[PDB]
Ligand SMILES: *[C@@H]1O[C@H](CO)[C@@H](O)[C@H](O)[C@H]1NC(C)=O
Ligand SMILES: *[C@@H]1O[C@H](CO)[C@@H](O)[C@H](O)[C@H]1NC(C)=O
Ligand SMILES: *[C@@H]1O[C@H](CO)[C@@H](O)[C@H](O)[C@H]1NC(C)=O
């Protein structure tokens with residue numbers, strides 16, 4: 001999972017979000033986007049993941065916000081089975097402020113999986129003065 | 001400007017209100033009545049701003 005897209009129409013008619021992790025940083029863009037039908041950065045070979053198709057948007061017209069900061073924890077290579085990482089976020093916009101709360105936990109040894117039990121609290125991460133409307137979101141497999 | 005400057009614009013017709021500290025840059029024809037407006041400058045279909 002690379003990031004998320006937030007919006008209401010996603011057809012260059014209304015402004016929209018784009019959050020995605022790359023390189024050793026993060027990029028968050030608020031802009032009018034002409035999003036393609038299928039949103040991915042997967043495809044260039046058979047199996048070794050490639051960051052191909054960097055511009056999932058056909059074009060980028062007048063934007064409003066730009067932001068680059070310290071990225072999140074990264075998992076190298078592709079491993080199947082015994083998934084030791086859990087990452088949980090909450091996303092909410094109120095009063096024109098976008099709040100993202102993030103939490104990371106290691107050493108998940110639950111083979112059956114199905115969203116783990118117990119208890120954990122989430123810390124504030126960042127607040128963005130975006131000031132737009134938001135109705136629907138997706139996830140950016142890439 | 002002495003002749004008149006039109007760089008400053010205001011939105012006049014809109015379906016609903018604005019939540020606090022929220023920006024709207026959309027520019028689409030606003031339907032005054034029950035009649036469809038597929039994009040026209042005619043009856044009951046007016047520019048928003
Ligand atoms: C993200 O970083 C990678 C590696 O530096 C680069 O190839 C890619 O173009 C970047 N994408 C964006 C949207 O910054
Ligand atoms: C993955 O793609 C890269 C170039 O994008 C290529 O060099 C590499 O051989 C590919 N790996 C596989 C397993 O196809
Ligand atoms: C945001 O967009 C939705 C879908 O068009 C709309 O129902 C809602 O009223 C909008 N929010 C506003 C105008 O504050």
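Sequential numbering from 1, following the chain as shown.
How was it done? The header gives electron microscopy, 3.4 Å.
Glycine residues also receive a Cβ, built from the backbone N, Cα and C atoms like all the rest.
Annotated features in Swiss-Prot:
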- A:31-A:63: disulfide bond (DISULFID)
- A:22: N-linked glycosylation site (CARBOHYD)
- A:46: N-linked glycosylation site (CARBOHYD)
- A:62: N-linked glycosylation site (CARBOHYD)
- A:133: N-linked glycosylation site (CARBOHYD)
- A:70-82: region 'Disordered' (REGION)
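What the PDB entry says about this protein:
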- A:111-113: insertion (SEQADV)
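It is 15 Å from the Cα atom of residue A:63 (disulfide bond) to that of residue A:133 (N-linked glycosylation site).
Ligand 3 lies within reach of A:133 from the recorded positions A:22, A:46, A:62, A:63, A:133, judged by a C-beta closer than 6 angstroms to any of its atoms. Comparing CA positions across the recorded positions A:22, A:31, A:46, A:62, the one lying closest to residue A:133 (N-linked glycosylation site) turns out to be A:31. Ligand 2 lies within reach of none of the glycosylation sites A:22, A:62, A:133, judged by a C-beta closer than 6 angstroms to any of its atoms. Closest to residue A:62 (N-linked glycosylation site) by Cα-Cα distance, out of the recorded positions A:22, A:31, A:46, is A:31. Within the set of recorded positions A:31, A:46, A:62, A:63, A:133, no residue has a CB atom less than 6 Å from any atom of ligand 1. In the three-state DSSP scheme, residue A:22 (N-linked glycosylation site) falls into the strand class. With a cut-off of 8 Å between CB atoms and residues at least 6 apart in sequence, the same chain places A:15, A:16, A:18, A:60, A:61, A:62, A:63, A:64, A:65 near residue A:31 (disulfide bond), listed in sequence order. Taking 8 Å as the upper bound (exclusive) on CB-CB distance to chain B, the recorded positions A:22, A:31, A:63, A:133 give A:133 in sequence order. Annotation: A:22 carries the greatest number of neighbouring Cβ atoms among the glycosylation sites A:22, A:62 [cut-off 10 Å, Cβ to Cβ].
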